[PDB]
Amino acid sequence: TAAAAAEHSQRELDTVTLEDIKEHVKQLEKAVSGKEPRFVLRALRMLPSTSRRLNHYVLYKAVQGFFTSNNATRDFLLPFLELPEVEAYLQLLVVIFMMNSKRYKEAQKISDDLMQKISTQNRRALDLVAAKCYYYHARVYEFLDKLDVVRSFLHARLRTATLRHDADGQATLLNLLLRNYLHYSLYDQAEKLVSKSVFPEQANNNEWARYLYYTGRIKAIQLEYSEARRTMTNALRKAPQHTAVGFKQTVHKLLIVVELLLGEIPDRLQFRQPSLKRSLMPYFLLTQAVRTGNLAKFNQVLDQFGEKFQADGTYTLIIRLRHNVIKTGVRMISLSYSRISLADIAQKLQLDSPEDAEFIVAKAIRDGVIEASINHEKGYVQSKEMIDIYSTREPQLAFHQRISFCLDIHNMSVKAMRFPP
Amino acid sequence: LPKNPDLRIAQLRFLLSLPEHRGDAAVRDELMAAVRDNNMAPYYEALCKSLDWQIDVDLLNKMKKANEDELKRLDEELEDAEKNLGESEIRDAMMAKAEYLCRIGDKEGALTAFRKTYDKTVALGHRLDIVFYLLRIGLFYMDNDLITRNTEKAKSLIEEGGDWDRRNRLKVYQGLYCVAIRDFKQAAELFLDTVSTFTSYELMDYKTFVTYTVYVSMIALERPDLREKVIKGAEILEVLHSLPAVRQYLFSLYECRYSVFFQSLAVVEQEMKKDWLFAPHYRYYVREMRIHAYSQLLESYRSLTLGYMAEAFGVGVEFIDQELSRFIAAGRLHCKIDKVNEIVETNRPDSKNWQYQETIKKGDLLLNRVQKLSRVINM
Amino acid sequence: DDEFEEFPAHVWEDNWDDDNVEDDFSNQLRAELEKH
Amino acid sequence: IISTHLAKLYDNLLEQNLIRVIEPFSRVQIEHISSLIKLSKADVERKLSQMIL
């Protein structure tokens, strides 16, 4: 019986998974009983693995055997499957399983039950699993494709989680609401919210990644290209290494666009990467066209790969591109010259007249993308007299930032040092 | 070691698979002569498929029959060895069979036979010989995966016990692969370490090896190391006496004769486009050597006029201006042009300024790592 | 660790300057010497 | 066997003369160095560039 042997091995793995769930529940109970209003993060670190390894028979047997404390809410799980914290964690697992099964109707009903239960039970150590539940509520309503009541619900939950001085829930709710705004392109709303809200300075590195990505997107569409570029570079540095391929691809795409807008040329290592070559190929063509400075190749690339540009969302950025494409030309010219004349700039950029070249370069000076001077008495753009930048306060300022950062890290480490008895 | 396959075969095939050189008929005569001599019916079929050639059935049938008879008799001898002789001769039978498969051009069959022979054999020297045959097949067919796997296998065997001769042959193979994959620094190291004791005549004659060493050394070595190990190299000068153009190239660079240097670099570009191992490196190599020449000229100047640069390099002023602008924009030269009054200022960074910038870069990297670790652990 | 599933998903260190399309350096230098 | 050695001797003598003549200076005209050394401006400049490199 090959099928019976496979089922036997699967059920052995199932018993192992039940043992893992038992260990996680024990960790939760240690968290609630003992001090250190923590260790739920340990319980939840393996949450992706548990969700991946969950099975219909496993969850059915689990719902039959567990929830023995009290209450008959097991009837909200058993028909769909054929304590303070344990119910929340097990129910989070169950709703994740309904997600994996794609049964969004019961998924959303049970999720609303989760939200009513969390509102009823105002607990702090529970608030972490509450934040994960909020994340999965946003995910289920996204799959349902409503994301309308999501705004108000997560927004009130954010109000609760900021009135209670939380960090994890604050970050999660803020990220979810920013994504809700972006989904419908409510960029003004998201900008106002970000301006008037303070992202918790101690939140999960992944929440930092998401928040930095969204803030960079807001800034890019708001025409703060340097701010968006630095923010998304920080986001990319924060994002995980051997995972989150989709998040990395999105960040790379929009950061490539934003850097081209700044007038720079993205690194070729991006496009060469094994995980990003196929996805970024349209942007590789775009970068090639802009660097070559040819409007014809730029336009043909745009026409060929408009579809992916709808899917990602860059068109406003991809025309601000053309703008910063002529800007890229002038920036390269100013990067490899010191006293070039206006006629020479015009000829090199294929502009129409030295008058037009003069306008372009003067505006580039204004925007500070070449950071030079100009002189139309003799019709030549002078560059700033480069100064020996070590007998000045820039090294002091850089070393001051780095010294303060190192001092802060040492203080954080020596504070986090704990002695458990 | 034996020529199996003669990499000259791959050289001819690649050189033939190029525009403006197809059907010169000298390359075709040479390749057909070799193919007929070694009875490469399968490789002939592959070449016909690749280049869309008029297949000569009359001679193709003869080659097929010769190869089939050879294979059958080798297999019969192998079976006889199994039935009567012991492992010591069964190994030789399999080994000869695999050699013949390589000679004809049966790639996959040859690899399978060599894997079987490697599994059977226990002698360390014969294991090395098998690994070297696999490496030569890998070089011939430019299968980077097989080449690297067998390079690691050879290194592991040498660590598990080897000898100087196989060490040098493996060094030449590693250098050839590095030249193939554009690792000119390691290629220079290996080639210069094995220049005085070149034994691998199956890959290329000593003159070709010395030309490769000169090219790779010029593109990879600084001026002091170049003078110590190439310009003052006994065994390189001895061959450069026979090679008058490679010598002119190398010494035009060394003695700061730049017009002659660009002439020699153009001829090198043509030669090394025609070449099969360097073929996907001629644009990059020419670009890097031009950058090296420009940096070398500007290394002893604080303000060099474009007229003087153009006269020194034997080119126009627009040419030098365009090249300098391109390389400065790419960040490969420490110089800023000034076109209203044509002058090339030299903005090389002071020692302390360079040290400060390096400290900033390395500290930024290390601080990012420290931040990531601290945020991973504090929670 | 965490996975951002909420977002759907030449051995060489090649360089940008390698992609440029221009005549062979031999041709460029030949034309330069020819006109000068 | 003698031409190469005399060429080396000449180059070393030129280097020594350039060092000697340039010692009492901080910013010199190549024309003046050539006048002091009794050579041509181009040759002295090429030797100076080689020495600097």
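Don't worry about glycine lacking a Cβ; one is built from the backbone with ideal geometry, like all the others, and counts go over all protein chains shown. A short reminder: the numbers here are calculations on the coordinates, not readings from a lab.
Being farther than 16 Å from A:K327 by Cβ and within 11 Å of chain B (Cβ to nearest Cβ) is the filter here, so list the residues in segment A:342-354 that pass it.
Of everything in segment A:342-354, those that are farther than 16 Å from A:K327 by Cβ and within 11 Å of chain B (Cβ to nearest Cβ) turn out to be A:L342, A:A343, A:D344, A:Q347.
For first residues located in segment B:23-41 and surrounded by 16 or more Cβ atoms within 10 Å (Cβ to Cβ), partners that are part of a helix (DSSP H, G or I) and among the basic types (K, R) and lie 6+ apart or on another chain with Cβ distances below 6 Å form the pairs B:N38/B:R103; B:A41/B:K64. The residues in segment A:99-114 that are among the small types (G, A, S), surrounded by fewer than 18 Cβ atoms within 10 Å (Cβ to Cβ) and under 15 Å from A:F153 (Cβ atoms) can be counted, and the count is 0. Just to be sure before I move on: is B:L176 more than 17 Å from B:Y285 (Cβ to Cβ) and crowded, with 23+ Cβ neighbours inside 10 Å in the structure I sent? No, not satisfied.
In segment A:308-333, of all residues being among the hydroxyl-bearing types (S, T, Y) and buried (at least 21 other Cβ atoms within 10 Å of the Cβ), the one that is farthest from A:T287 (Cα to Cα) corresponds to A:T314. In summary, A:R179 fulfils each of the numbered conditions (1) away from every other protein chain (no Cβ under 14 Å); (2) of a type outside the set (S, T, N, Q); (3) closer than 17 Å to A:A131 by Cβ with the single exception of condition (1). When the test is whether a residue is within 14 Å of chain B (Cβ to nearest Cβ), in a helix (DSSP H, G or I) and not hydrophobic (A, V, I, L, M, F, W, C), A:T328 passes it.
At least 3 residues being under 36 Å from the mean Cα position of the chain (by Cα) and surrounded by 13 or more Cβ atoms within 10 Å (Cβ to Cβ) is the threshold, and among the helices (runs of 4 or more DSSP H) wholly inside segment A:342-421 those reaching it are A:354-367, A:393-416. Out of the residues in segment A:29-61 that are more than 34 Å from the chain's Cα centre (by Cα) and over 30 Å from B:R375 (Cβ atoms), which is surrounded by the fewest Cβ atoms within 10 Å (Cβ to Cβ)? My answer is A:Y57.
Go through the residues of segment B:232-241 one by one and say whether even a single one is in a helix (DSSP H, G or I) and within 14 Å of another protein chain (Cβ to nearest Cβ). The answer is yes, given that some residue of segment B:232-241 is in a helix (DSSP H, G or I) and within 14 Å of another protein chain (Cβ to nearest Cβ).
So how many residues does segment B:332-363 have that are in a helix (DSSP H, G or I) and either of a type outside the set (D, E) or surrounded by 12 or more Cβ atoms within 10 Å (Cβ to Cβ) (or both)?
Selection size over segment B:332-363: 12.
Among the residues of segment B:42-63, those identified as surrounded by fewer than 16 Cβ atoms within 10 Å (Cβ to Cβ) and part of a helix (DSSP H, G or I) are B:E45, B:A46, B:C48, B:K49, B:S50, B:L51, B:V57, B:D58, B:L59, B:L60, B:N61, B:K62.
Here B:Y215, B:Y254 are screened, and the one residue that is of a type in the set (F, W, Y) and either crowded, with 19+ Cβ neighbours inside 10 Å or closer than 24 Å to B:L146 by Cα (or both) is B:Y215. In the set B:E318, B:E311, only one residue is surrounded by 14 or more Cβ atoms within 10 Å (Cβ to Cβ), charged (D, E, K, R) and under 24 Å from A:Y337 (Cα atoms); that residue is B:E311.
Of all residues in segment B:304-327, those satisfying the criterion of being more than 9 Å from every other protein chain (Cβ to nearest Cβ) and of a type in the set (S, T, N, Q) are B:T305, B:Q322. In the set B:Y177, B:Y215, only one residue is assigned to a helix (DSSP H, G or I), within 14 Å of chain C (Cβ to nearest Cβ) and at negative phi; that residue is B:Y177. The set of residues in segment C:1-35 that are closer than 30 Å to A:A244 by Cα and of a type in the set (F, W, Y) comprises C:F4, C:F7, C:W12, C:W16.
For chain C, a residue qualifies if it is among the aliphatic types (A, V, I, L, M) and either within 7 Å of chain A (Cβ to nearest Cβ) or within 30 Å of A:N205 (Cβ to Cβ) (or both), and exactly one does: C:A9. Every condition in (1) of a type in the set (K, R); (2) part of a loop (DSSP other than H, G, I, E, B); (3) away from chain B (no Cβ under 13 Å) is met by A:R339 except one, and the failing one is (3). Of the helices (runs of 4 or more DSSP H) contained entirely in segment A:243-307, those carrying at least 3 residues that are within 11 Å of another protein chain (Cβ to nearest Cβ) and either touching an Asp or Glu at 6+ places or on another chain (Cβ under 8 Å) or crowded, with 19+ Cβ neighbours inside 10 Å (or both) fall at A:245-262, A:268-272, A:277-292. Residues that are acidic (D, E) and more than 14 Å from every other protein chain (Cβ to nearest Cβ) number at least 1 in the following helices (runs of 4 or more DSSP H) confined to chain D: D:3-22, D:30-37.
If you check B:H292 against the conditions, is it more than 9 Å from every other protein chain (Cβ to nearest Cβ), over 23 Å from B:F191 (Cα atoms), of a type outside the set (G, A, S) and surrounded by fewer than 21 Cβ atoms within 10 Å (Cβ to Cβ)? Taking the combined requirement at face value, the residue does not satisfy it. The residues in segment B:19-41 that are outside any helix (DSSP H, G or I) and either farther than 28 Å from B:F198 by Cβ or not hydrophobic (A, V, I, L, M, F, W, C) (or both) can be counted, and the count is 8. Any residue at all in segment B:296-303 that is part of a helix (DSSP H, G or I), farther than 19 Å from C:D17 by Cβ, over 25 Å from the mean Cα position of the chain (by Cα) and more than 14 Å from chain D (Cβ to nearest Cβ)? Checking segment B:296-303: not a single residue is part of a helix (DSSP H, G or I), farther than 19 Å from C:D17 by Cβ, over 25 Å from the mean Cα position of the chain (by Cα) and more than 14 Å from chain D (Cβ to nearest Cβ). A single member of B:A33, B:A41, B:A46 is hydrophobic (A, V, I, L, M, F, W, C) and out of contact with any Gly (no Cβ under 8 Å at 6 or more places or on another chain), and it is B:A33.
Across segment D:18-53, the qualifying residues are those that are surrounded by fewer than 12 Cβ atoms within 10 Å (Cβ to Cβ) and β-branched (V, I, T), and the one among them that is farthest from B:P224 (Cα to Cα) is D:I19.
Applying the criterion of being of a type in the set (V, I, T) and at the interface with chain A (Cβ under 7 Å from one of its Cβ atoms) to the residues of segment B:343-379, the residue that is nearest to the chain's Cα centre (by Cα) is B:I360. Scanning segment B:242-269 for residues that are out of contact with any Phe, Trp or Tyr (no Cβ under 8 Å at 6 or more places or on another chain) and facing another protein chain (nearest Cβ under 9 Å) yields B:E255, B:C256, B:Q263.
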